[PDB]
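Heads up, the thing below is written out as structure tokens.
In this analysis, Cβ positions are derived from the backbone assuming ideal geometry, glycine residues included, and neighbour counts consider all displayed protein chains. FYI, it's all coordinate maths here, none of it is from the lab.
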Amino acid sequence: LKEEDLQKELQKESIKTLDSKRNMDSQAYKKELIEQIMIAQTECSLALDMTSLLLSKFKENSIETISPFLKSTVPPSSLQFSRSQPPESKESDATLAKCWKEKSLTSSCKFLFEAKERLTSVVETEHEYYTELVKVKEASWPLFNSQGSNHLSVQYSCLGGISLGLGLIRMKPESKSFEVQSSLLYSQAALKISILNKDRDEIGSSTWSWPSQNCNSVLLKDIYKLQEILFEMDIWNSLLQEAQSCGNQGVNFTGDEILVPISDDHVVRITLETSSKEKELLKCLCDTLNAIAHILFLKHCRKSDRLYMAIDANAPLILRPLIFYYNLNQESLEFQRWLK
Amino acid sequence: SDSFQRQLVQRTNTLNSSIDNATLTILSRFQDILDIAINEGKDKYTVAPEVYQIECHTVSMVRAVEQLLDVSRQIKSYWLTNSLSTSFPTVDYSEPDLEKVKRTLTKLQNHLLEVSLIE
Amino acid sequence: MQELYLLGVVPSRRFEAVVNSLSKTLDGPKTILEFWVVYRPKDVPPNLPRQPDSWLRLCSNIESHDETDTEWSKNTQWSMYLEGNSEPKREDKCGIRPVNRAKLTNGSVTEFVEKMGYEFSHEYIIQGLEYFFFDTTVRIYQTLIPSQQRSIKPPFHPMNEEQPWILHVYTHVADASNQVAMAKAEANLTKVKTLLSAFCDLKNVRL
Amino acid sequence: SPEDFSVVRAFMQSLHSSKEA
Amino acid sequence: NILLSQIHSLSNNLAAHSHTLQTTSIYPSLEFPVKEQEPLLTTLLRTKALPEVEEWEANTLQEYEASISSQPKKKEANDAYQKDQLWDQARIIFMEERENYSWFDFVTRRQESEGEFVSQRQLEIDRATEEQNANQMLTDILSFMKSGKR
Amino acid sequence: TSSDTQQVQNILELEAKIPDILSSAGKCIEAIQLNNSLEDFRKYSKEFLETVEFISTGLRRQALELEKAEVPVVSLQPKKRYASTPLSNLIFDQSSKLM
Amino acid sequence: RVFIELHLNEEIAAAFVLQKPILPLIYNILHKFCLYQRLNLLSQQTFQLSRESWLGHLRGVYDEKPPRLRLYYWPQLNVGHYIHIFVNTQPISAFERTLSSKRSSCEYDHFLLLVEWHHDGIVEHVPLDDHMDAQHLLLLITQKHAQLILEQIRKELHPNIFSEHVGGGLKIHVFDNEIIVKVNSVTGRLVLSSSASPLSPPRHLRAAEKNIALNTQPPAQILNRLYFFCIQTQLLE
């Protein structure tokens, strides 16, 4: 409720058959049910009690069957029964019975009709979903049933990398279109490599773009973008643990990004760009760095797990080669500058 | 643990058990509706339980059918769970041009450096 | 040196499935082609040598020589394996086979063994693939008899018509005595066996 | 979902605190 | 479902002893007279139908009144008999028709029985023997490698 | 001989015919009750039994063709350190365009 | 939000049964609520961190009853320590109480969220920025503790070697060159780099760093040996 909205509505109102005609909770259905079975139980319990009273006059069997409240309240051997004559049958009563059964059958056959119709809608959607899953695995993407046991998940991280990521296909029914949901927390992910001058302004940077091969189905595009994102995440993580091992070379990881000092009081800044949901030569250098960083990651993936004295052999080795060759260049340049 | 073949046959005997159980309840339920459909004895007190039974049996039939749908789904999933893909999507066709990468590598590595011939 | 092993059998149609599908489970396949020859001690003193089991066999990698030309036993590197019988009372657990090996270079291996006093027994070829898990290997191979002694590449004579393949699980512990290392190799073997068992059933056997 | 569950836990714990006080 | 089984058993008992139960009649006396002062008796032995049941009956009878507006009454009873007959015929022919089919076989319809035959247990025996002979091939090749048996 | 995709397609056919079980059974009760046609009940009952048989046998068929095709019950656990030839391709590709 | 509307509502009503002013009670309940939620956020940040990076080097404890979080960093003892997150009542200033009157009331029960990092045999209260990433906090403390241990070794050095503490690290001077000792926050390990040639550290630094990491003996003893070695080799050349 807002005063402006209301002054608008009320200002709009200032502008303006004798019979009055006017036209749920699972807990509520629950209450209706327990209510009904309870009334049944009270009726049956009554009949039980009464019969138990009589037979208890004539047997041990029914002192047991009578309720403790009733047997406490009333003395046993209370009721009686005598031979008598059964009542005249009511014509209305039998015609009632027949009317009841006929209505019962018609009810049943109608219910089978509508149940068939709803289950046919169900089987229809099912057929839709599974034709799309078939479309997917026809493209040789593996899929596994999800942990919830509802639907199925595609393994977008099936080309490579360290982490194994899979995400379930769900039908968005309102749009009648399929969507791939993943544990991943990033709408976008890409490795940014950059160079920082003395004043910390960014001289150049590279972020890979993927080849974006043509794909026919929305679902497969979403798959590719997920796979890409997670792969980038794999690279950033690997770079990080690398930086743990090789701090002595100067690689510094602030929580926000990796940076590496460089010979002319410049810095390289390696970040992961994310959404949550001479200048030409130098850009060649950045792009070169990103590309080679890549390739080297990939090499780390090919390796099989199983010399030197470095602290961690299992540490990947992307930074360290890159900075190795950089440093060979720089040493050589200093040498030649002396000789010149 | 059980053999591999033991696992397979275990599964199929399970799927059967479930599935002939569901069909059999479809048959038997329809049968017993039929057994109850005649209104000759027509004790109105007997007719009313009969009405309940009819409703309960038809619902039990639909239940069984839905059970069949559960089974068929499971079978599809199993078929899709099988690791027979043996391939990758592979969308390739953007060419390496390696010799260019060699030359750009060297070019960068020798920045501001006077080079000489091998020996 | 102690090796802990499991093994199994794989029929022919079941071979190809087990292979592709193995590639799906664990680290990708390495092509392996091995040429093996055994030798036998000629003295056979019956009381103590115990020559039926302890006699040695030696083999070597033939990655690419036989396809290119006539095989050259002189050209390839050789290594000698002394593998003893397996330890009994191991029906429940994984198997244990003690194995020692040495690499041999710059010598006539054949002439050396026979100058020891050992002498030819049998000559067989091992061909197949091996896959990797952490510190534990797994090779599916077949036992191809050579067409001839030091057979060329084209023939690759097979032993049987059914051509069944054999499943070997590799684990190595240096020190026999250490119970902790045996425990970890045992558990590594159990875990790999579990996964591999989903794949196909395999179990411990003698020798 | 379990985050929201944790929101609730935060509330119920706040409440238990105020009740003890 | 279990509730259904119980009430069905009860209706059978009541119809079986229906004659002896409608001849007998129940009145309290003698020993209940100590507690006789109470209306509990009237509530316990009351045979008034439930109010919902009572209305229900009334409504269904009104429906019959629409039906008699449609047609005369004498014709109705014979038609009813004829229908009950119909149902019994439907029952027996369904029993026959069902016994005719085969249910617990793999792809073994009547039509497919004419077509072909498929045996699960024979496949299983087949694979089992193949794996057993394959194992014998193993143990044999193993003893060959260890000490020549070619 | 049929692909897995072919097989799940087969199943989708059986599925599409399942809900008609109710259809037929009801068609048959309705036909004898509403129309008193004993012969309509004969036809529609017969259709009902045929339908349940085709579904039942078709699915037991499938499960068998599972054990025949030796499809593992448990799903296999994928490895974690790939580097795949198609990946490598995308890889060298983009490296090249960037150089 | 609607949920807490109703529950809160129940609460204020019972408060009226006992007639204790609402505006406090709702403030108390709801501020403490927000604190608890932030603490929860931090906990999920740390557990996420315990998985994503830090894997070998972070252990996280969330606790119910009085819900509290403690984080174990550098699980490897050094030749012990954790940081404790905590909700607790700040007593009212005697001067705050006097100033407070009517609308501005001190009578509200009120408390802050705060942290104190545990150290072998000591405890220190650390100010908590309201905008503090859990990673950022872990960094901050680890660097403090860093500086502490690294100054302790500096003191245990040899007396004649001129050492300097600065730049978050140690500078050991060797013939107008420098060895630079720091600690990596995650690993909590000693990192020796070289003044001249910061991109490739000489073999003997690398080997030293490896020996420190082995934790067989105090860092100072090693660094002393490395100083004398470093001298000798430079001259010998």
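Filter B:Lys42/E:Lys74; C:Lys42/C:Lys153; G:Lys20/G:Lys102; B:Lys42/E:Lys83 down to the pairs with a C-alpha to C-alpha distance above 20 Å, please.
On the way: B:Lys42/E:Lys74 18 Å; C:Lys42/C:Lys153 32 Å; G:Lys20/G:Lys102 15 Å; B:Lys42/E:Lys83 13 Å.
Pairs exceeding the cut-off: C:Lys42/C:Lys153.
Would you kindly derive the ³J(HN,Hα) couplings of the range C:25-33 from the backbone phi angles with the Karplus curve 6.51 cos²θ - 1.76 cosθ + 1.60 (θ = phi - 60°), listing them in order in whole Hz, with x for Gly and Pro?
With coefficients 6.51, -1.76 and 1.60, one gets 7, 8, 4, x, x, 10, 5, 10, 9 Hz.
Once you average over the residues of A:238-247, how many Cβ atoms of partner chains fall within 10 Å of each Cβ?
On the way: counts 0, 0, 4, 5, 0, 2, 10, 4, 2, 11.
Mean inter-chain Cβ contacts per residue within 10 Å come to 4.
Just the projected area, averaged over all directions, of the convex hull on the alpha carbon atoms of the range G:106-237: how many nm²?
Numbers: hull surface 45.4 nm².
Averaging across all directions leaves 11.3 nm² for the Cα convex hull.
Rounded to the nearest 500 deg cm²/dmol, what is the calculated helix-only ellipticity per residue at 222 nm for chain A, with -39500 (n - 2.57) per DSSP H run of length n ≥ 4? It would help to have the intermediate numbers written out before the result.
Working: 7 runs with 173 residues, N = 340.
The helix-only estimate for chain A comes to -18000 deg cm²/dmol at 222 nm.
Give me the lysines in straight-line cross-link reach of F:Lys17: C-alpha distance below 20 Å, same-chain residues under 8 apart excluded.
A:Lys110, A:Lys116, B:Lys76, F:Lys27, F:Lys43, F:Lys46
Treating each Cα of chain F as an identical point scatterer and ignoring solvent, apply the Debye formula and state log10 I(q)/I(0) at q = 0.13 Å⁻¹.
-0.71
Given the rule -39500 (n - 2.57) for each run of at least 4 DSSP H residues, summed and divided by the residues of chain E, what is its mean residue ellipticity at 222 nm, to the nearest 500 deg cm²/dmol? Kindly include the intermediate steps, with their values, before the conclusion.
Details: 7 runs with 106 residues, N = 150.
Helices in chain E give a 222 nm mean residue ellipticity of -23000 deg cm²/dmol.
Averaged over peptide E:27-37, how many Cβ atoms belonging to another chain are found within 10 Å of each residue's Cβ? Display every interim value, and only then the final one.
On the way: counts 5, 8, 4, 6, 9, 9, 2, 3, 5, 2, 0.
Averaged over the peptide's residues, the number is 5.
By how many degrees, between 0 and 90 and to the nearest 10, does the Cα long axis of helix F:38-68 differ from the longest principal axis of chain F?
With rounding to tens, the tilt is 30 degrees.
Would you list G:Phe162, G:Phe229, A:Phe178, C:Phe199 from fewest to most Cβ contacts within 10 Å?
On the way: G:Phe162 10, G:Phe229 14, A:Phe178 19, C:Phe199 23.
By the 10 Å Cβ count, ascending: G:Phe162, G:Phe229, A:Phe178, C:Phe199.
Separation between the B:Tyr45 and C:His65 pseudo-spin-labels, each 7 Å from Cα along Cα→Cβ, expressed in nm?
In this crude spin-label approximation the distance works out to 10.2 nm.
Between C:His172 and residues 5 or more places away or on another chain, which pairs have amide H atoms under 5 Å apart, with H built 1.01 Å from N, and which residues are they?
Amide H to amide H, under 5 Å and 5 or more residues apart or across chains, C:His172 pairs with C:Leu4.
I need the P(r) histogram for chain B: all alpha carbon pairs, bin width 10 Å from 0 out to the longest distance, whole percents.
For chain B, the pair-distance distribution reads 10, 19, 15, 12, 10, 9, 8, 6, 5, 4, 2, 1.
Taking the protein assembly as shown as the region of interest, what is the percent of Cα-Cα pairs per 20 angstrom bin, listed from the shortest bin to the one with the maximum distance?
8, 22, 29, 24, 12, 4, 0
If packing is taken as the average number of other Cβ atoms within 10 Å across a peptide's residues, how do G:184-193, C:24-33 rank, most packed first? If you can, show how the numbers build up before the last one.
Working: G:184-193: 22.5, C:24-33: 17.4.
Highest-to-lowest ranking by the protection proxy: G:184-193, C:24-33.
If the only charges are +1 at each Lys and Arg Cβ and -1 at each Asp and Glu Cβ, what is the size of the charge dipole of the protein assembly as shown around the Cα centre, to the nearest 20 debye? The partial results should precede the final answer.
Working: 128 positive and 152 negative charges, 524 e Å.
Here the protein assembly as shown has a charge dipole of around 2520 debye.
Which order results if F:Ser56, A:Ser89 are arranged by neighbouring Cβ count within 10 Å, fewest first? List each step's numbers first, then the result.
Working: F:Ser56 27, A:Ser89 10.
Going from sparsest to densest Cβ surroundings: A:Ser89, F:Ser56.
Which residue, chosen from G:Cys106, G:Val191, A:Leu272, occupies the Cα position most advanced towards the positive end of the dipole of the protein assembly as shown, where the dipole is computed from +1 (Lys, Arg) and -1 (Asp, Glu) charges on Cβ about the Cα centre?
G:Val191
Among G:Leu71, G:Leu114, G:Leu77, rank each residue by its count of other Cβ atoms within 10 Å, from fewest to most, as a rough exposure measure. Please report the intermediate quantities before stating the final value.
Working: G:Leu71 25, G:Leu114 16, G:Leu77 9.
Fewest-to-most ranking of G:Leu71, G:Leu114, G:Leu77: G:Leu77, G:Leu114, G:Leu71.
Under the Karplus relation 6.51 cos²θ - 1.76 cosθ + 1.60, θ = phi - 60°, what is the ordered set of whole-Hz ³J(HN,Hα) values for the range G:36-48, x standing for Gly and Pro?
3, 5, 4, 3, 4, 3, 3, 4, 5, 4, 5, 5, 3
Over 10 Å intervals from 0, what percent of Cα-Cα pairs in the range A:69-206 sits in each interval?
Bins of 10 Å from zero give 8, 17, 14, 12, 12, 9, 10, 8, 4, 2, 2, 1 percent of pairs.
Enumerate the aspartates and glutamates that G:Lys32 could reach by cross-link, defined here as Cα to Cα under 12 Å, with residues fewer than 8 away along the same chain left out.
G:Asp109
Using the eigenvalues of the Cα gyration tensor, what equivalent ellipsoid semi-axes result for chain G when each is taken as the square root of five times the eigenvalue, whole Å, largest first? The partial results should precede the final answer.
Numbers: eigenvalues 533, 72, 35 Å².
Equivalent ellipsoid semi-axes, largest first: 52, 19, 13 Å.
What are the radius of gyration and Dmax of the range A:281-340, computed over its Cα atoms and given in Å?
Considering the range A:281-340 through its Cα atoms, Rg and Dmax are 15.3, 49 Å.
About the Cα centre of the range A:130-258, what is the dipole size in debye to 20, counting +1 per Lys and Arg Cβ and -1 per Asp and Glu Cβ, all else neutral?
440 debye
Tell me the Kirkwood hydrodynamic radius of the range E:1-140 in angstroms, computed as one over the mean inverse distance between distinct C-alpha pairs. All intermediate terms of the calculation are to be shown ahead of the outcome.
Values: mean 1/r = 0.0413 Å⁻¹.
That comes to 24.2 Å for the range E:1-140.
Per DSSP helix of 4 or more residues, -39500 (n - 2.57); summed, then divided by the residues of chain C. What does that give at 222 nm, rounded to the nearest 500? Don't skip to the end; give the middle numbers.
Working: 5 runs with 51 residues, N = 207.
Value at 222 nm, helices only, nearest 500: -7500 deg cm²/dmol.
Which ³J(HN,Hα) values, rounded to whole Hz and listed in residue order, are derived for the range A:132-140 from phi using the Karplus coefficients 6.51, -1.76 and 1.60 in 6.51 cos²θ - 1.76 cosθ + 1.60 with θ = phi - 60°, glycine and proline given as x?
Running phi through 6.51 cos²θ - 1.76 cosθ + 1.60 with θ = phi - 60° gives 6, 4, 4, 3, 5, 6, 4, 8, 6 Hz.
Would you tally the net charge around F:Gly26, using a Cβ to Cβ cut-off of less than 12 Å, leaving F:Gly26 out, and scoring K and R as +1, D and E as -1? Intermediate values should be presented prior to the final figure.
Details: positive: A:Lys110, A:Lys116, F:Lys27; negative: A:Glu114, A:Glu117, F:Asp20, F:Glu30, F:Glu47.
It works out to a net charge of -2.
Output the peptides G:101-108, A:237-244, A:100-107 sorted from most to least packed, where packing is the average of other Cβ atoms within 10 Å over each peptide's residues. Present the calculation step by step, with values, prior to reporting the outcome.
On the way: G:101-108: 10.0, A:237-244: 20.5, A:100-107: 17.5.
Ranked from most to least packed, the peptides come out as A:237-244, A:100-107, G:101-108.
Along the charge dipole of chain A, Cβ charges K/R +1 and D/E -1, which of A:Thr131, A:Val260, A:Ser194 sits furthest on the positive end?
Of the options given, the answer is A:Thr131.
Evaluate the charge dipole of chain G about its Cα centre and quote only its size in Debye, nearest 20, assuming +1 on the Cβ of each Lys and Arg and -1 on the Cβ of each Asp and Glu. Each step should come with its number before you reach the end.
Numbers: 22 positive and 22 negative charges, 60 e Å.
Here the size comes out at about 280 debye.
Go through the range B:1-99 and name the GluC sites (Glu not before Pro) that are in a DSSP coil and have 16 or fewer other Cβ atoms within 10 Å of their Cβ. Write out the running numbers ahead of the final one.
Details: sites: B:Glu40, B:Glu50, B:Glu55, B:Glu66, B:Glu99; in loops: B:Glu40.
Qualifying residues, ordered by number: B:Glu40.
For C:1-8, what's the mean count of beta carbons from other chains sitting within 10 Å of each residue's beta carbon? Display every interim value, and only then the final one.
Details: counts 0, 0, 0, 0, 0, 0, 2, 4.
What the average comes to for C:1-8 is 1.
Just the number: Rg to Rh for chain A, Cα atoms, Kirkwood Rh, two decimals. It would help to have the intermediate numbers written out before the result.
Values: Rg = 39.8 Å, Rh = 29.9 Å.
That ratio is 1.33, to two decimals.
Which of the listed residues, C:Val9, C:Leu22, C:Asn75, is farthest toward the dipole's positive end in the range C:1-89, when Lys, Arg count +1 and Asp, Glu count -1 at the beta-carbon?
C:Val9
What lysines does E:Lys35 reach when the alpha-carbon gap must be under 29 Å and sequence neighbours fewer than 8 apart in one chain are set aside?
Hits, sequence-local ones excluded: A:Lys57, A:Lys59, A:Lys71, E:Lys48.
Translational diffusion coefficient, Stokes-Einstein: compute it for chain C using the Kirkwood radius over C-alpha pairs as Rh, at 37 °C and 0.692 mPa s, and state it as an integer in µm² s⁻¹. Each step should come with its number before you reach the end.
Values: Rh = 18.7 Å.
So the translational diffusion coefficient is about 176 µm²/s.
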